[PDB]
C-alpha cells in the first residue's frame, strides 16, 4: 500500500471532497489537512522540519523523501496543504502515481482562502480562528507550518501574504507550473463541479454506482464550526452539527 494519486491542488480548491472521492474509489485512506488537525497533530512538527530542510543551501533530498514516505505510510493518496507543495518530490518518489490538479475560479479561491486558511494579519476574524483552534488543541506552530508550506508552494522566501493581488498571481502561476511540468498523460485537471466522470476515466475505474460526488468543507461550514467551537468549547459536544465532515 503506497501512493497512487498525488493531489497537487492548492487548499480551498475542493481537496477535502477529492480526499473523500479517492477514499470511495480505493477504500483506503487519503491524506489531507484534516488528517493532521483532527487525527495526527504530531505531524505538524515533521512537516515543519521538511519545509525547513528545503530552505538550506544544500537540502538533503533523501531526508525529505524518507520523511514524506513515513508521513504517508498507509495512505493511497494525498491532497491539500502541506503535501501539495511537495508534489514534485512525490512524483519523483512514486513514478507511477498519477497527479491531480484541483482548480477553481481564482477570485472564489482567494475569498475562501482568506476565510479559513490565511486571513490578512489585521483581519479580526484571525482571532476567532485562533480561539476556535485553541479548542482543538492547535497552537501557533500550526500557522507557521501552513504559512511556510504556502510560501514553499509559491517558491517565495519573502512575500506579503496580506496582498490579494500577489496571492492571485501566485495562484495562477502555481497552477500554470503544475501543468507545465507534469506530463499531460499523467495529469488530470479537475474543475470544481466536474464530478466522477473525468476522474474515474483517469484512474481507470467505473463511476461509483448510486454514490454522488462529495461536496464538503465550505467556508460557511468552517465559519459555523469556528463559532460553535468558541461557544461550546468542545469538538465532541458539537461534532453532531457537522455530519460526514471530519
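Residue numbers count along the first chain shown, from 1.
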query	finding
Residue range whose averaged C-alpha B-factor is higher in the record, 128-136 or 168-176	128-136
66-74 set against 201-209, stretch whose average Cα temperature factor tops the other in the entry	201-209
Residue of maximum C-alpha B factor among 160, 112, 79, 149, per deposited coordinates	160
Given 181, 50, 33, 30, the residue at which the Cα B factor reaches its maximum	181
Assigned third (lowest, middle, highest) for the C-alpha B factor of residue 61	lowest
Third of the chain's Cα B-factor distribution that residue 227 belongs to, per the entry	middle
Record-listed C-alpha B factor of residue 107: chain third	lowest
B-factor third for the C-alpha atom of residue 3 within its chain	middle
Residue 87 - Cα temperature factor, lowest/middle/highest third of chain	lowest
